[PDB]
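Report on the following structure.
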Amino acid sequence: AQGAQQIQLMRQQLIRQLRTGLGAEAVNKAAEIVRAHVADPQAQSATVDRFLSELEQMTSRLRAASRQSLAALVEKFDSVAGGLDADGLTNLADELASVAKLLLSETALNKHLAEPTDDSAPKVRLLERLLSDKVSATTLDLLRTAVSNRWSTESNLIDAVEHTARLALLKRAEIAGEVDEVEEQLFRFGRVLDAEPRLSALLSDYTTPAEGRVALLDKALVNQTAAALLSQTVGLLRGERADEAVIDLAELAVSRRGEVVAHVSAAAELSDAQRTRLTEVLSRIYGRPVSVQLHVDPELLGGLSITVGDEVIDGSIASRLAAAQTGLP
Amino acid sequence: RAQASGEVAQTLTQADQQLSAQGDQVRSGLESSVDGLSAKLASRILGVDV
Amino acid sequence: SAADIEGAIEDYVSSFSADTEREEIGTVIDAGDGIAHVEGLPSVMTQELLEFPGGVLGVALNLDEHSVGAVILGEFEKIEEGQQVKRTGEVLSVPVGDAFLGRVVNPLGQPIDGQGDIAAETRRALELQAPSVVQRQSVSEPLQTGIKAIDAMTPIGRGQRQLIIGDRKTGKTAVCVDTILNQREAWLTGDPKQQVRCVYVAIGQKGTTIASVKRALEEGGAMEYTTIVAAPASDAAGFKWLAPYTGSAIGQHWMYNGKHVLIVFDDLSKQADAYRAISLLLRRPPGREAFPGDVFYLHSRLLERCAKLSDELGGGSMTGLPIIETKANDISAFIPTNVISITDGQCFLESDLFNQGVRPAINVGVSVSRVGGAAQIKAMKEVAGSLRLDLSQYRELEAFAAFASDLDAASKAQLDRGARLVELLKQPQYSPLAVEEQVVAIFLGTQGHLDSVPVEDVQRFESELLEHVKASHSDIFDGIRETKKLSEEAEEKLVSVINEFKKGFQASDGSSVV
Amino acid sequence: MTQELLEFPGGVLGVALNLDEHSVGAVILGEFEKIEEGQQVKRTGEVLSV
Amino acid sequence: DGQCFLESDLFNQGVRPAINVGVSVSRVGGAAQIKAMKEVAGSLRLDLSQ
Amino acid sequence: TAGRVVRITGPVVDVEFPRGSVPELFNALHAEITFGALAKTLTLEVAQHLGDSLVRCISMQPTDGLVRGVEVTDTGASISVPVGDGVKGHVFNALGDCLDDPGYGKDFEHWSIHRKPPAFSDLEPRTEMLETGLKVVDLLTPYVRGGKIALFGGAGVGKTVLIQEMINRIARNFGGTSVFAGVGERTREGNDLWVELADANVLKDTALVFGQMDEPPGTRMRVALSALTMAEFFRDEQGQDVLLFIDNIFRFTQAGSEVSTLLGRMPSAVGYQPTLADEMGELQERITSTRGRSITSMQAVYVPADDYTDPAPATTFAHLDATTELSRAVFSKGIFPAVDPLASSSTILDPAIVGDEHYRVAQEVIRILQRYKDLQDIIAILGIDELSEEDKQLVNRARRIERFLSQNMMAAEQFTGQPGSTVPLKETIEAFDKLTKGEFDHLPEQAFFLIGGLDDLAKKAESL
Amino acid sequence: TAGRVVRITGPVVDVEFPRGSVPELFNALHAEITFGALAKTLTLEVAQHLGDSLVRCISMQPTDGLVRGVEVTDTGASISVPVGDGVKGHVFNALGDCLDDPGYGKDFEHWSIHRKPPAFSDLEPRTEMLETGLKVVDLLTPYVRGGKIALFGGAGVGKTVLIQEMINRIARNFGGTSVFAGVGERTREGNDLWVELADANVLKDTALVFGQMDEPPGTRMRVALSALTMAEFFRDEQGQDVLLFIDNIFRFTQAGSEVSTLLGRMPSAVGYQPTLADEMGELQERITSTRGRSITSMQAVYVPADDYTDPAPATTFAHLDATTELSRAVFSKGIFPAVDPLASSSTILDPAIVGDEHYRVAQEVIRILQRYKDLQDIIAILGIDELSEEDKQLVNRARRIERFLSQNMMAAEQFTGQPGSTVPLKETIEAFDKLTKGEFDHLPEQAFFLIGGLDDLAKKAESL
Ligand SMILES: Nc1ncnc2c1ncn2[C@@H]1O[C@H](COP(=O)(O)OP(=O)(O)OP(=O)(O)O)[C@@H](O)[C@H]1O
Ligand SMILES: [Mg+2]
């Protein structure tokens with residue numbers, strides 16, 4: 001009886017690997033057929049339309065104390081900006097970046113300045129003596145709140161000063177009416193520096209002298225807003241990857257506007273109608289205004305893929321090929 | 001037990017030969033079936049008629 | 001064959017559909033030694049099955065402010081930094097059903113015996129809660145192991161939790177395999193109330209050892225009703241960690257349907273040794289013997305899922321036979337100390353008894369069953385209640401073996417009795433006795449019929465007597481079996497046939513008997 | 001001061017052992033149950049004394 | 001490649017250099033001796049351990 | 001307003017709270033588990049403040065299925081048990097939720113399990129003796145009103161029967177109440193206890209709190225305080241004397257060490273928590289007599305490695321005042337309640353607390369039983385005839401003494417049908433004084449078994 | 001495109017790579033050392049991914065001379081070593097380079113050191129006995145042809161001489177192919193093996209891979225896998241039966257324990273890596289034999305501090321079918337080969353396989369020696385004349401069994417001068433059956449010591 005079951009199971013294993021190889025050949029031939037079908041632009045348009053219509057039918061790193069302190073610092077920056085002007089914001093961003101460099105270099109000063117206290121008055125006085133003659137008074141008025149508040153780590157004070165300088169530069173960009181161009185260029189440079197891993201890794205020079213990275217940016221890489229932002233960021237990079245830093249710059253820009261960036265992948269650039277339909281559909285899905293950073297690629301031929309936040313909605317010939325290929329018996 | 005073991009080994013050899021012949025014969029047809037299966041799966045993978 | 005080969009693929013094609021549903025994504029930041037740290041997955045839940053793009057699985061056993069620590073269940077090599085990790089909506093869950101009977105499965109319910117795919121009947125989470133105080137019932141009916149030294153002195157009732165604690169190569173696997181083999185006489189009768197099912201969870205065994213156990217069960221027909229959950233040492237720490245919960249789920253499905261189940265954990269020491277690896281790799285704080293703090297909660301939440309259910313829940317039961325490997329007989333180590341306190345009883349195997357010729361080597365007097373006589377049929381209670389007393393008196397008198405002639409007659413008799421009871425409890429492996437037979441075996445001893453047989457012949461005398469009575473006087477075994485009591489008339493006929501046989505029996509010295 | 005006796009709002013006392021650059025690790029005397037985040041702690045001005 | 005385990009209890013009881021012949025060993029053995037010593041001492045360690 | 005889970009590492013869970021809403025430690029917080037197969041209202045106990053509005057907590061239930069960012073609501077109070085006369089007759093978990101009837105007791109007054117022991121000025125300054133009425137207990141190992149008794153039980157040595165007996169004793173003689181703290185209870189034997197006390201109909205006088213082994217060490221630790229808080233209500237408010245059973249205290253220490261390791265605290269000696277003695281005292285210093293009413297306790301106590309120097313049993317024995325030990329070697333003789341008169345002991349058996357006559361009688365009984373426990377070797381190896389006329393004149397008294405320590409007791413009333421006897425203390429002393437002097441040698445051994453005193457001894461002997 | 005070293009600490013190295021060029025786990029990286037005599041190309045194995053595109057690697061060769069910022073190039077594949085009939089008769093290092101003839105293997109087929117073990121479907125339990133001709137082995141711990149044999153033993157108890165003797169006995173007559181992995185083994189005995197195999201001409205069928213202890217942890221780890229992959233080639237791709245010797249397998253885990261703390265693994269118990277069981281299983285499961293193609297493994301296992309409770313031996317025990325078990329106690333009594341007959345064990349020693357004639361004698365010998373070890377404590381203090389006549393006769397038989405289990409091994413010529421002996425299995429069973437039944441109690445105790453069989457026993461007894 002063991003032999004009888006053994007021969008039956010040998011037969012069953014034979015038919016099973018038969019079915020497996022036949023399914024593999026079938027899915028490979030279907031892959032070739034659909035890869036030939038994907039060549040036509042009308043077919044890609046149909047695929048993206050089907051996926052878009054289907055969809056139509058369908059600060060974080062910081063801990064609590066630093067989070068509250070950064071929120072309050074931005075609330076005061078709101079009051080400062082309500083009276084600011086472009087020419088003044090230009091200097092505000094540079095002076096905030098200068099004090100960020102100071103705190104990043106004179107670490108002994110920074111550790112005292114970031115001390116968590118409610119009676120922070122001495123720290124303010126320490127700043128008042130040290131900076132009152134070096135930088136304009138508005139920067140001091142904002143750094144007063146930056147220092148008085150509480151921070152979870154000595155790093156978050158520098159982070160908040162850098163963030164405030166970045167917001168001031170972005171506010172200059174917004175008042176000048178370049179809100180869209182600066183975002184476009186930030187994403188352009190994001191994808192560039194993500195595709196150029198040699199110069200971008202060389203930009204993460206926080207072990208090397210920063211002015212070299214600054215001059216390298218000036219030589220290699222334009223609206224003066226994006227250039228100022230990149231130069232400030234590489235000057236204050238503190239070991240973060242340059243590409244992931246510039247992409248965070250763009251994320252912050254679009255989130256400051258109020259929207260969120262949804263990265264899109266497709267075989268080719270769609271017409272304006274598809275872009276507007278996709279933006280409206282994504283806004284419906286996630287309940288916010290949105291901007292699409294189309295990272296077109298041929299490898300993901302067919303369909304349409306989107307990733308926003310930590311979530312994905314993916315449709316492509318390749319992803320559905322993976323789904324079909326992994327389901328074989 | 002030894003006699004039954006010999007019978008089992010004979011069954012195993014018969015299985016080997018029968019399944020080799022059946023595998024060849026059935027793969028002969030599977031080669032044809034594969035074209036239609038792949039044609040239909042090309043439609044299912046695309047999510048539209050092809 | 002061709003028709004079904006093509007039809008299966010045709011139906012697969014027909015049933016394929018779009019995966020358009022949105023899902024959350026993470027990315028691996030660290031990977032090493034079986035652990036992967038995944039950033040993102042904000043909505044992840046503890047113990048959630050993550051899937052990595054090479055077709056790999058993780059458990060999401062640790063969640064930090066910004067990272068998820070996932071133990072990897074297999075093929076860890078294929079993981080890399082930057083890999084897109086998707087989350088399933090599901091906590092650790094395994095298929096269950098009668099199809100698992102006769103199969104070897106990994107801790108995810110996937111077949112590893114190389115036979116066809118298992119027909120899943122249902123799916124159960126590995127970590128559902130145990131039956132509470134109000135759902136359970138008293139452990140009143142036996143789980144016959146077919147080992148004389150257990151069923152007579154440390155009995156196991158179905159619903160009990162009995163620890164096979166001992167050294168290496170001392171007969172633990174042997175004892176539990178005999179327990180599994182003995183259930184066939186119950187299985188062959190299609191009454192689910194008698195019919196026991198078995199699950200042999202192999203943790204950290206080498207493949208050929210699991211195969212040896214499978215062959216020993218096939219040789220005994222136990223694969224009609226026995227499942228093996230195999231975490232061979234080749235497989236990741238996570239598989240060794242989840243094998244017992246997979247077995248417990250497979251058994252719990254049968255238990256809640258009203259079947260009776262026997263779970264053998266072989267060995268829980270390596271379950272703990274695997275959870276320790278997982279925990280130390282996840283940087284959890286260590287404690288005694290480098291185990292994590294919850295190493296008790298690891299085993300308790302397992303063994304306490306063994307229970308006997310009330311009539312309101314079908315009356316089912318799951319009987320745990322956990323095995324543990326002690327080091328230098330230190331039953332005082334951490335994990336042994338834990339399981340000794342979690343389990344209802346302990347069948348201590350010891351290497352000295354094993355070498356002295358006392359096999360299955362249970363160190364009676366130290367071994368105990370807190371359930372006690374409730375796990376025995378009335379006949380076995382009556383016949384074996386005196387056995388523990390006689391063996392304790394022998395455990396005292398054995399020092400006087402040198403002076404058996406000076407010893408007082410009343411205790412000289414007890415010494416001669418004890419030696420023969422010890423020989424009576426010896427038993428070769430893979431030869432479990434039905435209760436009907438070991439009732440008579442113990443009756444030969446406690447009622448003093450062996451007293452004239454030379455000690456060295458006892459094992460054969462019994463083996464001959466039961467062969468005579470089994471073949472010629474079956475009504476005795478039939479009575480004990482069908483009425484669970486050794487009635488006075490059957491006792492008298494049993495004594496008559498014992499003397500009938502004992503006149504023909506011949507011993508080593510050629511002497512006569514009585 | 002090091003080994004200063006600090007009073008916590010629940011009437012509780014503690015000994016200032018580890019004077020860090022910006023923090024003061026103290027051993028609480030009595031019901032540490034009554035001690036929690038954000039509580040104002042003030043100086044007795046007395047070294048550990050009875 | 002070998003041990004000369006000097007037991008203090010042998011040293012005290014007059015056995016000096018105090019080599020514990022039982023645990024001590026030289027695994028190169030006879031190859032580290034001249035033929036004469038291999039003759040006369042070929043098994044001296046085992047005789048003294050016994 | 002409420003908090004958020006931010007880290008989960010097994011039973012340990014970290015909860016972020018706003019600046020001004022942080023809970024004080026040992027508070028109970030509730031969280032959601034919504035995945036259907038594991039849905040729960042997870043209970044968390046605040047153990048530490050990690051700083052930055054973030055609290056490190058230990059879970060009372062399996063954290064499987066918890067999600068980061070899930071809402072956590074502070075109850076504003078510690079784990080609180082229902083207390084009252086209504087908890088008698090019911091079985092509870094460590095969190096004060098009934099198993100027999102979910103949702104029961106939620107209407108009762110709730111007392112926080114974390115409360116300080118009686119003030120120094122309220123304690124009793126001298127050790128009163130507990131007249132339970134059991135001969136062997138009253139004579140050889142007098143219990144203490146407000147003290148603790150180790151109970152070295154075992155399999156099939158009558159532990160549950162002695163438990164039922166002491167429950168009946170306190171409930172009927174003292175008009176009191178009993179609370180059974182099952183720490184690390186095997187679910188099987190917990191159900192066995194539930195059904196056995198229901199059959200004996202003593203459940204109506206007992207409140208059971210089971211921290212089952214199924215549960216993380218948080219509840220296996222806090223259940224002793226849960227039961228002790230029910231007892232503290234019965235003592236402080238209802239004015240009853242109480243008998244708090246703990247089974248097993250070593251598992252309370254073990255769960256404390258497991259929680260200590262989970263929270264990240266460096267282990268002490270053998271591997272217990274550094275706070276070992278502090279929390280063992282928090283539990284034990286609270287079982288005491290106040291204002292004329294007391295909580296007595298019988299604590300089943302494991303002893304790892306049989307080492308009475310291990311920190312856990314050593315710390316346990318620093319508190320408890322008596323030691324009752326049950327032996328199979330005595331149970332197998334039919335001597336119920338099977339208290340081993342020689343292994344057992346009490347710190348009150350000194351002529352300062354007990355009277356001088358009591359001490360002398362108990363010491364003579366111990367001397368006779370020691371002689372017999374030494375002679376049993378001769379009895380077994382050489383027979384009784386090997387003993388001299390004086391050694392036999394002693395053994396004849398020893399047999400009858402050890403028999404007379406047996407008693408027809410209210411727990412046996414379930415099976416023998418005969419009522420359980422309560423023997424006054426003076427009568428026990430005046431019985432064993434005469435019995436040791438030999439005034440009853442002429443009676444057969446069968447006359448002394450399971451008899452409730454001296455007048456009952458006569459009633460049995462003269463009829464036999 | 002290429003990477004750069006960032007940090008160096010001992011044999012472990014940290015290497016940064018561009019975002020998309022990070023190498024997979026267990027890939028081989030090459031980095032140059034350019035100082036003087038140390039100048040060499042350095043192989044590193046990727047052990048971990050540390051994030052930020054960093055990867056932590058173990059240097060197969062000493063890091064001395066290595067410089068921060070130096071370029072590192074990934075091979076795109078794991079460590080690969082030559083496989084084929086041509087590697088027989090040659091000596092290799094873990095990296096697969098020939099020690100004897102540099103550059104020899106660079107044209108062979110190269111197999112990755114790392115590969116999954118065979119499926120559970122490919123495995124069957126082996127039951128064929130292997131006759132070695134050593135009394136103790138063939139009787140009490142018989143070996144399995146196609147199984148995983150082991151020679152446990154503390155430091156100095158003779159593992160290397162025993163493994164070389166097993167090579168002399170098996171690989172000499174064995175018709176198939178043989179492989180010898182020197183894992184953390186002494187170089188001197190490796191050379192003695194090389195020249196002995198060369199002299200016996202067995203070398204033509206023996207492939208040697210040496211990672212001797214002078215080599216850093218990386219190569220001490222991967223040398224076992226490099227030899228095992230040649231064994232696995234001879235198994236899978238050719239079918240020719242194989243022998244795989246390994247001295248010493250313990251070092252494989254030990255090397256890992258040296259790197260674990262540098263790799264950022266928290267240490268476990270007495271101080272091994274937490275992965276201990278996982279690594280040891282991933283290695284041992286590959287040494288198995290699939291159906292129809294055998295690998296007869298013979299791996300000597302070091303036992304730290306002679307403590308068989310050490311996690312490493314305790315985990316190794318699981319992966320073996322036959323465990324010869326040396327001990328310093330037996331070695332101190334001159335009972336070389338020093339096998340502890342009571343500790344040693346074998347799965348094949350069942351009457352169903354070895355036959356009742358063999359099993360009976362083996363179990364009787366074990367019973368006698370166990371009683372002897374039980375009685376030694378008495379004998380040392382009370383004396384021999386204080387025993388029963390039966391115990392005393394058993395003692396005089398056990399003392400002779402102990403010394404008859406000793407055997408003049410051929411590899412132990414240098415230990416004894418006299419030539420070695422091979423004792424057939426039938427004669428072993430006959431001799432020990434006679435011994436256990438007292439047919440040699442009249443011979444002097446010394447006649448059994450280091451004698452090969454009954455004829456030599458008689459000749460030596462008549463020499464005394
Ligand atoms: N009851 C028995 N009678 C005779 N021999 C036995 C008995 N039980 C076990 N043995 C012998 O002991 C050996 C098996 O031991 P077993 O496999 O039970 O140990 P184990 O607990 O499984 O150890 P490990 O799990 O470490 O392998 C075999 O050689 C077998 O013949
Ligand atoms: Mg086993």
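Ligands are numbered from 1 in the order shown, residues from 1 within each chain, and chains are lettered A, B, ... in the order they appear in the structure tokens.
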
As a PyMOL selection string, please: every protein or nucleic acid residue near ligand 1 (cut-off 8 Å, counting only C-alpha atoms and all ligand atoms). (chain C and resi 166-175+205+209+266-267+323+325+359-361+426-430) or (chain G and resi 317-318+345-350)

What does the Cα RMSD come to when chain G is optimally superposed on chain F over every C-alpha atom in order? 3.7 Å

Do you know which residues are at most 8 Å from residue F:383 counting only C-alpha atoms, after dropping those on the same chain fewer than 5 positions away, and could you put them as a ChimeraX atom specification? /C:408,410 /F:378

Could you list, as a list in words, every residue of chain C that has an atom within 7 Å of an atom of chain B, counting only C-alpha atoms?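 My answer is residues 2, 10, 13 and 16 of chain C.
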
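Interatomic distance, atom CA of residue G:213 against atom CA of residue G:164: 18.2 Å.
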
Hey, list the chain A side of the contact with chain B: 8 Å cut-off, only C-alpha atoms, answer as a list in words.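 On the chain A side, the interface is residues 3, 4, 6, 7, 10, 11, 14, 18, 22, 23, 25, 26, 27, 28, 29, 30, 31, 33, 34, 37, 47, 317, 320, 321 and 324 of chain A.
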
Would you save the residues of that selection, restricted to N, CA, C and O atoms, as an mmCIF file, in the first residue's frame?
```cif
data_model
loop_
_atom_site.group_PDB
_atom_site.id
_atom_site.type_symbol
_atom_site.label_atom_id
_atom_site.label_comp_id
_atom_site.auth_asym_id
_atom_site.auth_seq_id
_atom_site.Cartn_x
_atom_site.Cartn_y
_atom_site.Cartn_z
ATOM 1 N N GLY A 3 3.712 1.387 -1.513
ATOM 2 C CA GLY A 3 4.097 1.469 -2.916
ATOM 3 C C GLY A 3 2.991 2.016 -3.803
ATOM 4 O O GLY A 3 3.251 2.773 -4.742
ATOM 5 N N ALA A 4 1.745 1.624 -3.532
ATOM 6 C CA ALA A 4 0.626 2.110 -4.334
ATOM 7 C C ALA A 4 0.455 3.616 -4.180
ATOM 8 O O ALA A 4 0.325 4.351 -5.171
ATOM 9 N N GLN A 6 2.774 5.562 -3.272
ATOM 10 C CA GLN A 6 3.994 6.154 -3.802
ATOM 11 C C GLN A 6 3.887 6.372 -5.303
ATOM 12 O O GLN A 6 4.272 7.429 -5.816
ATOM 13 N N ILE A 7 3.350 5.389 -6.026
ATOM 14 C CA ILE A 7 3.220 5.543 -7.471
ATOM 15 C C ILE A 7 2.157 6.585 -7.795
ATOM 16 O O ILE A 7 2.317 7.383 -8.730
ATOM 17 N N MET A 10 3.796 9.886 -7.258
ATOM 18 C CA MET A 10 4.738 10.172 -8.331
ATOM 19 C C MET A 10 3.999 10.667 -9.569
ATOM 20 O O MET A 10 4.434 11.622 -10.222
ATOM 21 N N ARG A 11 2.864 10.044 -9.888
ATOM 22 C CA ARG A 11 2.035 10.526 -10.988
ATOM 23 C C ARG A 11 1.543 11.946 -10.721
ATOM 24 O O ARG A 11 1.548 12.804 -11.616
ATOM 25 N N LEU A 14 4.265 14.359 -11.198
ATOM 26 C CA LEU A 14 4.521 14.528 -12.622
ATOM 27 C C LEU A 14 3.556 15.539 -13.219
ATOM 28 O O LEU A 14 3.974 16.511 -13.857
ATOM 29 N N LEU A 18 4.276 19.315 -14.585
ATOM 30 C CA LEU A 18 3.784 19.581 -15.932
ATOM 31 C C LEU A 18 2.978 20.874 -15.957
ATOM 32 O O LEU A 18 3.247 21.778 -16.756
ATOM 33 N N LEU A 22 4.017 24.372 -17.828
ATOM 34 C CA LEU A 22 3.096 24.877 -18.835
ATOM 35 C C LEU A 22 2.617 26.276 -18.477
ATOM 36 O O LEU A 22 2.547 27.155 -19.341
ATOM 37 N N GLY A 23 2.295 26.504 -17.203
ATOM 38 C CA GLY A 23 1.927 27.840 -16.772
ATOM 39 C C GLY A 23 3.064 28.830 -16.929
ATOM 40 O O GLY A 23 2.845 29.988 -17.288
ATOM 41 N N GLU A 25 5.541 28.711 -19.188
ATOM 42 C CA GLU A 25 5.636 29.030 -20.607
ATOM 43 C C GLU A 25 4.484 29.929 -21.044
ATOM 44 O O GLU A 25 4.678 30.863 -21.833
ATOM 45 N N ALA A 26 3.279 29.662 -20.539
ATOM 46 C CA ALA A 26 2.118 30.464 -20.901
ATOM 47 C C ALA A 26 2.289 31.907 -20.454
ATOM 48 O O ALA A 26 2.019 32.843 -21.215
ATOM 49 N N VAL A 27 2.729 32.109 -19.213
ATOM 50 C CA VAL A 27 2.900 33.464 -18.706
ATOM 51 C C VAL A 27 4.050 34.157 -19.416
ATOM 52 O O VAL A 27 4.006 35.371 -19.631
ATOM 53 N N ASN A 28 5.079 33.413 -19.826
ATOM 54 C CA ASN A 28 6.171 34.042 -20.562
ATOM 55 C C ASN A 28 5.725 34.478 -21.952
ATOM 56 O O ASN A 28 6.087 35.571 -22.416
ATOM 57 N N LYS A 29 4.914 33.656 -22.616
ATOM 58 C CA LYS A 29 4.394 34.039 -23.922
ATOM 59 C C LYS A 29 3.415 35.199 -23.796
ATOM 60 O O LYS A 29 3.391 36.094 -24.648
ATOM 61 N N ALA A 30 2.601 35.208 -22.737
ATOM 62 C CA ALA A 30 1.723 36.347 -22.498
ATOM 63 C C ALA A 30 2.530 37.609 -22.224
ATOM 64 O O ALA A 30 2.141 38.704 -22.640
ATOM 65 N N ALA A 31 3.639 37.478 -21.495
ATOM 66 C CA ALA A 31 4.522 38.614 -21.269
ATOM 67 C C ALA A 31 5.029 39.167 -22.589
ATOM 68 O O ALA A 31 5.043 40.382 -22.802
ATOM 69 N N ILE A 33 3.596 38.845 -25.528
ATOM 70 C CA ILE A 33 2.471 39.403 -26.270
ATOM 71 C C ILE A 33 2.124 40.795 -25.750
ATOM 72 O O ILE A 33 1.931 41.738 -26.527
ATOM 73 N N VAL A 34 2.027 40.943 -24.428
ATOM 74 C CA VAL A 34 1.675 42.238 -23.855
ATOM 75 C C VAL A 34 2.817 43.235 -24.017
ATOM 76 O O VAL A 34 2.578 44.441 -24.151
ATOM 77 N N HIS A 37 2.265 44.507 -27.309
ATOM 78 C CA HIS A 37 1.083 45.360 -27.335
ATOM 79 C C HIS A 37 1.390 46.742 -26.777
ATOM 80 O O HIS A 37 0.853 47.749 -27.255
ATOM 81 N N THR A 47 -4.374 52.165 -21.363
ATOM 82 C CA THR A 47 -4.027 51.597 -20.064
ATOM 83 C C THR A 47 -4.090 52.655 -18.969
ATOM 84 O O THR A 47 -4.676 52.432 -17.899
ATOM 85 N N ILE A 317 2.133 46.841 -16.461
ATOM 86 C CA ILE A 317 2.316 45.536 -17.079
ATOM 87 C C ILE A 317 3.276 44.693 -16.252
ATOM 88 O O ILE A 317 3.093 43.479 -16.106
ATOM 89 N N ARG A 320 1.586 43.576 -12.763
ATOM 90 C CA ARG A 320 0.576 42.560 -13.008
ATOM 91 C C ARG A 320 1.207 41.286 -13.555
ATOM 92 O O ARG A 320 0.703 40.187 -13.302
ATOM 93 N N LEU A 321 2.325 41.412 -14.276
ATOM 94 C CA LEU A 321 3.099 40.237 -14.656
ATOM 95 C C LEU A 321 3.642 39.525 -13.429
ATOM 96 O O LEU A 321 3.625 38.294 -13.364
ATOM 97 N N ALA A 324 0.735 37.665 -11.881
ATOM 98 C CA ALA A 324 0.373 36.456 -12.611
ATOM 99 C C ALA A 324 1.440 35.379 -12.459
ATOM 100 O O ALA A 324 1.120 34.191 -12.339
#
```

In Å, rounded to a single decimal, give me how far atom CA of residue G:412 is from atom CA of residue G:399.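 Going from atom CA of residue G:399 over to atom CA of residue G:412, I get 22.6 Å.
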
As JSON, numbers by chain, please: the residues near residue A:204 (cut-off 6 Å, only C-alpha atoms, same-chain neighbours under 3 positions excluded). {"A": [201, 241, 242]}

Could you please select, counting only C-alpha atoms, the residues of chain E within 8 Å of chain G and state them as a compact mmCIF listing (two decimals) with C-alpha atoms, in the first residue's frame?
```
# COMPACT_ATOMS: atom_id res chain seq x y z
CA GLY E 2 51.07 18.86 24.50
CA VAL E 21 51.44 11.97 34.06
CA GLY E 22 47.78 11.26 33.46
CA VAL E 23 46.69 14.60 32.06
CA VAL E 25 50.83 14.50 27.08
CA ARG E 27 51.18 14.44 20.91
CA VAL E 28 54.28 14.33 18.72
CA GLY E 29 55.48 11.62 21.10
CA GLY E 30 58.15 9.26 19.87
CA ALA E 31 59.10 11.46 16.92
CA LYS E 38 61.69 5.28 22.19
CA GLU E 39 62.96 1.82 23.13
CA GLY E 42 58.01 3.80 24.52
CA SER E 43 55.02 3.48 26.87
CA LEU E 46 50.69 4.99 29.96
CA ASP E 47 52.31 2.72 32.54
CA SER E 49 48.99 6.74 34.40
CA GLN E 50 47.72 3.21 34.95
```

Would you pick out the contacts of residue E:17 at 10 Å or less, using only C-alpha atoms, so that residues sharing its chain but fewer than 6 positions from it are not included, and give the list as a PyMOL selection string? chain E and resi 4-8+10-11

Include C-alpha atoms and write out the residues we just selected as a short mmCIF file (atom, residue, chain, number, x, y, z; two decimals), in the first residue's frame.
```cif
data_model
loop_
_atom_site.label_atom_id
_atom_site.label_comp_id
_atom_site.auth_asym_id
_atom_site.auth_seq_id
_atom_site.Cartn_x
_atom_site.Cartn_y
_atom_site.Cartn_z
CA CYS E 4 53.05 19.40 31.17
CA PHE E 5 50.45 19.86 33.89
CA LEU E 6 52.36 20.52 37.12
CA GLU E 7 50.06 19.56 40.00
CA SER E 8 50.76 21.38 43.26
CA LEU E 10 52.32 16.25 43.58
CA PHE E 11 54.94 18.96 44.08
#
```

Identify every residue of chain C that has at least one atom within 7 Å of any atom of chain A, counting only C-alpha atoms, and report the result as number ranges by chain. C: 1, 5, 9, 20-26, 40-41, 115
